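Residue numbers (UniProt numbering), protein chains in the order written: chain A, 2 to 36, 67 to 704; chain B, 2 to 142; chain C, 63 to 124. We put the CB at the ideal spot given by N, CA and C, even for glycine.
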Amino acid sequence: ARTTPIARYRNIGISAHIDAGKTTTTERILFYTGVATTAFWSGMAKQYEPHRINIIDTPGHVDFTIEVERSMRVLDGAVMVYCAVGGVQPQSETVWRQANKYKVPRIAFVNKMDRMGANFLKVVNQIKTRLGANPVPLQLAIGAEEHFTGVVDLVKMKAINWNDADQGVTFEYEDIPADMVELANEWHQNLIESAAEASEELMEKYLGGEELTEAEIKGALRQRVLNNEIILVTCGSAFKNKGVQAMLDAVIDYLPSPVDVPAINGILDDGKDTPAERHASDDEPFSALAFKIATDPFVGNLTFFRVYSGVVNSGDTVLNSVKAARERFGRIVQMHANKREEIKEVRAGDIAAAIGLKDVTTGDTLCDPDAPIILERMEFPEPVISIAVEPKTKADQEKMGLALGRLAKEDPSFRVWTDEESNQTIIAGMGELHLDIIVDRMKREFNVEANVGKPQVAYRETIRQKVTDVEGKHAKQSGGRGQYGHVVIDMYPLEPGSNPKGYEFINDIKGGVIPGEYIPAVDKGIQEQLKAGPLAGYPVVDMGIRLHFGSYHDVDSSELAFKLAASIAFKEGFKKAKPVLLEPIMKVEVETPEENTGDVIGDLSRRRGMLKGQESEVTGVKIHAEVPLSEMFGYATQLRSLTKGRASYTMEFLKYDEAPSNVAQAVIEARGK
Amino acid sequence: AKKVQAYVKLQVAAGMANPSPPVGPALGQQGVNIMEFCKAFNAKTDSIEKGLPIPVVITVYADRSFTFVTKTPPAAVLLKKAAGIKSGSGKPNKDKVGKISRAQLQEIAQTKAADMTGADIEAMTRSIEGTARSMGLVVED
Amino acid sequence: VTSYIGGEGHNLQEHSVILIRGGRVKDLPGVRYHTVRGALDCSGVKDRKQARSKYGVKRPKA
Ligand SMILES: Nc1nc2c(ncn2[C@@H]2O[C@H](COP(=O)(O)OP(=O)(O)CP(=O)(O)O)[C@@H](O)[C@H]2O)c(=O)[nH]1
Numbered sequence: 002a003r004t005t006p007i008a009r010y011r012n013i014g015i016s017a018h019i020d021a022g023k024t025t026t027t028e029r030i031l032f033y034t035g036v067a068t069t070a071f072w073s074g075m076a077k078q079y080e081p082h083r084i085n086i087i088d089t090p091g092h093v094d095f096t097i098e099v100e101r102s103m104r105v106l107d108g109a110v111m112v113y114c115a116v117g118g119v120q121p122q123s124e125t126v127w128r129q130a131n132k133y134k135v136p137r138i139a140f141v142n143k144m145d146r147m148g149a150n151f152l153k154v155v156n157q158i159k160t161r162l163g164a165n166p167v168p169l170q171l172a173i174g175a176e177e178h179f180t181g182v183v184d185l186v187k188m189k190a191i192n193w194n195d196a197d198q199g200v201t202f203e204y205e206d207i208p209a210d211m212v213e214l215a216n217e218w219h220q221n222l223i224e225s226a227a228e229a230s231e232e233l234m235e236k237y238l239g240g241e242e243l244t245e246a247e248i249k250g251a252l253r254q255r256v257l258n259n260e261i262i263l264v265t266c267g268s269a270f271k272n273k274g275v276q277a278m279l280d281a282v283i284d285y286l287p288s289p290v291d292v293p294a295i296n297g298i299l300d301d302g303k304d305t306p307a308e309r310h311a312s313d314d315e316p317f318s319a320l321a322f323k324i325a326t327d328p329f330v331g332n333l334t335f336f337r338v339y340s341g342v343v344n345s346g347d348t349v350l351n352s353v354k355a356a357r358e359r360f361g362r363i364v365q366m367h368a369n370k371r372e373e374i375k376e377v378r379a380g381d382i383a384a385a386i387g388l389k390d391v392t393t394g395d396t397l398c399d400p401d402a403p404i405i406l407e408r409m410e411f412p413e414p415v416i417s418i419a420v421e422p423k424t425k426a427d428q429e430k431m432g433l434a435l436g437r438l439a440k441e442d443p444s445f446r447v448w449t450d451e452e453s454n455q456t457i458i459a460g461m462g463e464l465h466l467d468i469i470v471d472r473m474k475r476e477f478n479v480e481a482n483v484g485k486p487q488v489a490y491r492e493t494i495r496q497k498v499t500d501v502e503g504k505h506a507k508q509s510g511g512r513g514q515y516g517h518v519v520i521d522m523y524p525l526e527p528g529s530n531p532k533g534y535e536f537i538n539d540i541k542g543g544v545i546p547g548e549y550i551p552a553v554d555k556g557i558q559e560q561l562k563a564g565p566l567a568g569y570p571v572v573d574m575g576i577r578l579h580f581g582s583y584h585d586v587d588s589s590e591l592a593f594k595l596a597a598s599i600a601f602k603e604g605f606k607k608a609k610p611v612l613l614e615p616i617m618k619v620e621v622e623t624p625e626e627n628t629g630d631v632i633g634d635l636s637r638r639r640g641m642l643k644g645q646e647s648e649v650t651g652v653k654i655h656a657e658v659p660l661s662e663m664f665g666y667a668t669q670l671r672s673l674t675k676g677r678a679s680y681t682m683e684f685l686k687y688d689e690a691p692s693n694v695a696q697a698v699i700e701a702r703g704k
Numbered sequence: 002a003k004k005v006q007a008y009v010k011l012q013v014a015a016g017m018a019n020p021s022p023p024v025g026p027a028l029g030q031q032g033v034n035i036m037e038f039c040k041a042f043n044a045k046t047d048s049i050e051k052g053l054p055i056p057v058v059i060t061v062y063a064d065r066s067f068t069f070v071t072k073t074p075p076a077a078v079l080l081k082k083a084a085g086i087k088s089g090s091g092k093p094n095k096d097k098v099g100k101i102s103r104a105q106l107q108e109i110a111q112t113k114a115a116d117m118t119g120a121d122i123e124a125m126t127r128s129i130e131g132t133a134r135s136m137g138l139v140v141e142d
Numbered sequence: 063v064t065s066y067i068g069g070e071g072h073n074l075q076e077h078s079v080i081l082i083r084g085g086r087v088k089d090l091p092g093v094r095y096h097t098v099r100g101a102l103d104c105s106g107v108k109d110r111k112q113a114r115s116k117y118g119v120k121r122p123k124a
């Protein structure tokens, strides 16, 4: 029974730079349609059969662009929202590159045409010049700012005027304003020329002076959008309510259905990585991608999944091929217009959520157990900022682990580990505003009382002076039998990192002054003392010890007596050897626009960052600097402030250098206190 | 050539490749390609001997094309070439680095009068006398 | 109570829902309960093909 063709499905993302107006445009959509959300659209003139629009509203911030990446990958088409005043933003370029990576056929909506400085054609030219795109206006704005009244449809060559009294639910077709007729004819010819380029037949008609029909123009522009050759540009502004309705008609006319998109690539679970495809059909084996996990207070884990092939029912044991885990599907609803119609028939093209999946993560493939496939995996970027989180109480201690676990499950770009040296829980994320939201959820949804600090710098200990002839004599001949042990050691610094063990032991015992059986106990006594340095109780590194002189007693000498002597000798020698506190240094790489370059280093200089050099790149300059871990905290948001949000840094542990005398001494004193 | 707004005289070498990292300086608050440079220098490299950094300019025209401004291996690195002792700068007056004859520069001043442009071959000799003592040299026949 | 960790190397991170079983080790006074290395936070332990039921390892590949 032919019900609603999958060719009527529009799986679309609304994507924009932070602060551009995209969910208000979506709220306008829901109002006009009748209502991840499903909506139904029949056209602003009711000229279309009912189309199913599944909308994913993607975050504007770059701290949550990981969600945008997941969405873009799982979606068919996109609506790119631009501010008429601000135009193409640095963050728009990031989202534009992500949509290019996934080859998402997309259109453009120039919103905020009611604000001061609104300029449609300026934004069209910025899409061309900054994004390297081919923008083709479908519409022209009638007026600007407070004088914005409507739009010209360049396909129909008519003005669209929306009724302000019904919030734009009704519209009239008018003749083009007399001051715009010349400009409308110019852009109509540019639109027809852009349509004619879609095929040799349409190019011959156009060059022959034959007028293209509205159906040929629409079909030709659709083909090129699907090919990602052009971006169709629409305009309009809500509040007075304009554009959205005609942008939704452009979604039907020009954006892909699930059958217009290439088959999804995957790998067979045969151990040979055999390539396979899944076509957008109900008659194919079931395959779906889990793309979002949300924690719900009432139903538990919601796993959002997009079906690409086949059909599944609410309550169907499928196979999580990625995690090799048979997962019985839970309760599955669907946002049928306003209601949440529980669907027991998730067909190809549909987006739904399952309740109570246990071993499913974002990026997992859910498939038919009799036809295993792994759909292509999501690569998750490495976290760029880390902070220490400490529980206030012991109730908060266990609760913290639980809360952070849930947050790491729903958001892979969020990492949590315990630092083995500090025993602090370290949390890491895709920016500090990202970490701020994570902390807020932890101390609200889960209400876990925690302090936010900085990852403790891994302080080390070493000497800066050879000391010779250091006597250690454990002579405890008391309490029954005596315990005699006597060693003489030299202590000397090693070059930093010259020994992968951080420690050298030289046995230079001559004359059997110490029996060879006790020499391992002396070394073990030193190695235990290396774990807790005599200066501040940090591990001692980059040190050599030569045992060359010693003495035993035939009855009273013990293995651990010589280990006690070794510790005495070590503690006395270490204090004489001018002990110092060490530091880690981090190799930092910053990618920035050439005009923002200066600011980056100004701050890095205050952060004790020894700028090694620079590699002027295409974006601008790739500056390299040696910056202490202590000064590499809170840099994500600071960089975002200096560079207006167009810079990305990386950092790696470089080497164990010497902390500046001031820094080292200050910490030594604080630790002693 | 063009205005002094697309002016950085640079290029210590050609085989070290990229003139953007430390090796090649500048490339800051200016904006231009980097591999689009040494290819015209690749038809130009094999006349210059290495160890002799030649000053050329990234002169960018108004239509995105840029080539270089050839001015021959100069005073400083030829006294690290024709004498045989490198930079060592700072000590003209402390200890003896090297004395250079009168005619040892005049034979390469004809090469250096295509590098230095005040007037003449003889007239540029007393500025080969310049940076030599800043490198630390002394000069007498 | 104080529990005991079986196997020879765990997968622990100090906040981990682990399961408890009876049994006194006779060697640590005050440790009276074993853990299960096959249940809920301790997977099939490393490098073992015999008595797989204890320490929870599944049967090997072939
Ligand atoms: N006057 C006017 N206001 C608009 C229009 N479109 C949106 N707005 C308003 O702007 C705001 C829209 O949210 P905005 O902050 O700009 O977008 P965003 O930050 O990208 C959404 P998110 O937080 O999910 O990233 C709302 O206050 C909305 O009422 C418009 O066309 N005209």
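Proximity test, Cβ basis, 9 Å: residue i and chain A
i        : result
B:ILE59  : no
B:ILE129 : no
C:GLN112 : no
C:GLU76  : yes
B:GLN31  : yes
B:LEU11  : no
CA-to-CA distance, residue j to residue i, given in whole angstroms
i        : j        : result
A:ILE520 : B:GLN12  : 56 Å
A:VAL483 : A:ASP442 : 20 Å
A:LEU435 : A:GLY361 : 25 Å
A:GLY387 : A:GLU358 : 10 Å
B:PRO54  : B:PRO93  : 22 Å
A:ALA294 : A:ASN454 : 48 Å
Other residues of its chain near residue i: CB distance less than 8 Å, five sequence neighbours each side excluded
i        : result
A:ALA567 : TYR490, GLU492, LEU612, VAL698, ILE699, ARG702, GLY703
A:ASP427 : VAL479, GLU480, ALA481
B:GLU50  : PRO74, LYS82
Close beta carbons around residue i, own chain, < 6 Å, minus the five adjacent residues each side
i        : result
A:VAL338 : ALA319, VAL377, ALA379, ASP381
B:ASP116 : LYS72, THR73, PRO75
A:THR334 : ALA321, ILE324, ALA385, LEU388, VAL391
B:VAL24  : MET17
A:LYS189 : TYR204
Residue i Cβ short of 8 Å to ligand 1 heavy atom set
i        : result
A:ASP347 : no
7 Å Cβ shell around residue i - same chain, five flanking residues per side excluded
i        : result
B:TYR62  : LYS3
A:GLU646 : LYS653
C:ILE82  : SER65, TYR95, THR97
A:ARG495 : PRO524, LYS609, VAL611
Cβ of residue i within 9 Å of any chain D Cβ
i        : result
A:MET473 : Included in the structure are the protein chains A, B and C, with no chain D among them.
Test: residue i CB closer than 9 Å to a CB of chain C
i        : result
A:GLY331 : no
A:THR650 : no
A:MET461 : no
A:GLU429 : yes
A:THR326 : no
A:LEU162 : no
CB contact below 9 Å: residue i versus chain B
i        : result
A:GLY644 : yes
A:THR674 : no
A:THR244 : no
A:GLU626 : yes
Review point. Ligand 1: which residues have Cβ under 6 Å from any of its heavy atoms, chain order?
Key: Chain-ordered, the residues whose CB falls short of 6 Å from any heavy atom of ligand 1 come out as A:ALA17, A:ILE19, A:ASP20, A:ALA21, A:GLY22, A:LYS23, A:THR24, A:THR25, A:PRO90, A:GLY91, A:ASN142, A:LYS143, A:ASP145, A:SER268, A:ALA269, A:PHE270.
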